[PDB]
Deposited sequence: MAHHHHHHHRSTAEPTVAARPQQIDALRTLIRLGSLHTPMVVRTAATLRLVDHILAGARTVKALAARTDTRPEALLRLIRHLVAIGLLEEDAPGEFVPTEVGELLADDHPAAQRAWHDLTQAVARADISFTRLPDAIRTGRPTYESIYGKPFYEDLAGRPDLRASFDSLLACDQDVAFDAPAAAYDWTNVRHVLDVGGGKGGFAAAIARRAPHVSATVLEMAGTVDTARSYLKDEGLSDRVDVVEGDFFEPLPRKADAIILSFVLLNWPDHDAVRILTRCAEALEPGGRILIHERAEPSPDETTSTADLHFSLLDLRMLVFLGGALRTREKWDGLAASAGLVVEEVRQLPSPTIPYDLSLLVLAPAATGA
């Protein structure tokens, strides 16, 4: 009743996440951590009005991201210190309006259009569809790859383990980001070679990362388009968090091109999510609707797509954050 009003007001509140986002984009906590105690030093480091920044700090204190320690000095709280840039969970970057994802969340402001039409709303705001906007803006293209690659060192270890590489000769990582998954498979299967197929811009950072990993001998990088014939056959084609970017009819074209590049005996491996993990799942799934018109799919939806592409789901293996991921294995129907 009395709390029913307060819970709705807090859940319906738009200023609160933009205050956090401004704080991240201003790099407020790093500037506090670099020794800006007063509001005056802090406005001067961030190029902001002193009195407008106090009003933001005041809200930041009241949502728990900041404390007034000495009168006028402001310290990050324990929640607030997750906004430091070197912090392992990368949450400052994921809330930076200057970067690709927190920029893309602005599409949620036209959420009604996406519910009415089913189509993404990103284009209405920024001019081109998600990945064309990145193709034209190298800062956003780069920002996107490092945001998604923020756990490349550990996030592919468990999926790579989950699979038997003994009879695999080559591996095709289709849209494999910076190559972290090809890298994990290389450091577990010492006899396997790999190719990463990615877009312009990303090919150069994946190559640079695989070089500095010591793996340019074993993992190549081909620039290309996975809607066209893949540049070589393989015994394993990896799609890690790719098909969720796409509506069903495009997802099928991707899976068909892979089925064609599949060698005799081959398997297609899909790495994606399953079903506060409901709030984690609901955020990613509403993000795919409003950015790209993709979706997270259930098991019965996968057999649909798979059947439509000439494939069958062999098995589903179940694998750092509170969330279980899946590894779908697909062979010719």
query: Missing segments of the deposited chain sequence, listed N- to C-terminal; finding: 1-22, 298-305, 350-352, 367-370
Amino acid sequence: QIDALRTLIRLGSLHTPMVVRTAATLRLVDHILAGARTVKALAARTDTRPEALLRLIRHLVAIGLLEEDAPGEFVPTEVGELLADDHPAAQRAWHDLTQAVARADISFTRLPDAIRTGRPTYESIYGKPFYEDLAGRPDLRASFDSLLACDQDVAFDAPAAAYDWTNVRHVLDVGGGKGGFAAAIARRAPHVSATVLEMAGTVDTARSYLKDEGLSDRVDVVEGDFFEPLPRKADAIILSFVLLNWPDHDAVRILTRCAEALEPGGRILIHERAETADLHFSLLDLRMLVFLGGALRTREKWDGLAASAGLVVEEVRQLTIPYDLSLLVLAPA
From here on, numbers count along this sequence of modelled residues.
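Each form is matched to the other, and the largest set of C-alpha atoms that superpose within 1.5 Å is called the rigid core.
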| item | value |
| --- | --- |
| Core-aligned Cα RMS comparison in 6 other deposited structures of this protein - stretch that moves more, 158-166 or 139-147 | 158-166 |
| Which of 26-34 and 302-310 strays further in 6 other deposited structures of this protein - Cα RMS after rigid core alignment | 302-310 |
| At least a third of other PDB entries omit residue 47 | no |
| Check: residue 285 without coordinates in a third or more of other entries | no |
| Average Cα temperature factor in the PDB entry - higher stretch of 14-22, 305-313 | 305-313 |
| Per the entry, higher mean C-alpha B factor between 178-186 and 94-102 | 178-186 |
| Selection from 243, 140, 192, 221 [criterion: highest C-alpha temperature factor in the record] | 192 |
| Highest recorded Cα temperature factor - choice among 294, 50, 64, 266 | 266 |
| Ranked against its chain, the third holding the CA B-factor of residue 209 | middle |
| Entry-reported Cα temperature factor of residue 299, expressed as the chain third it lands in | highest |
| Where the record places residue 43 (Cα B-factor, split into thirds across the chain) | middle |
| For residue 232, the third of its chain into which the C-alpha B factor falls | middle |
| Residue 113 by Cα B-factor - lowest, middle or highest third of the modelled chain | lowest |
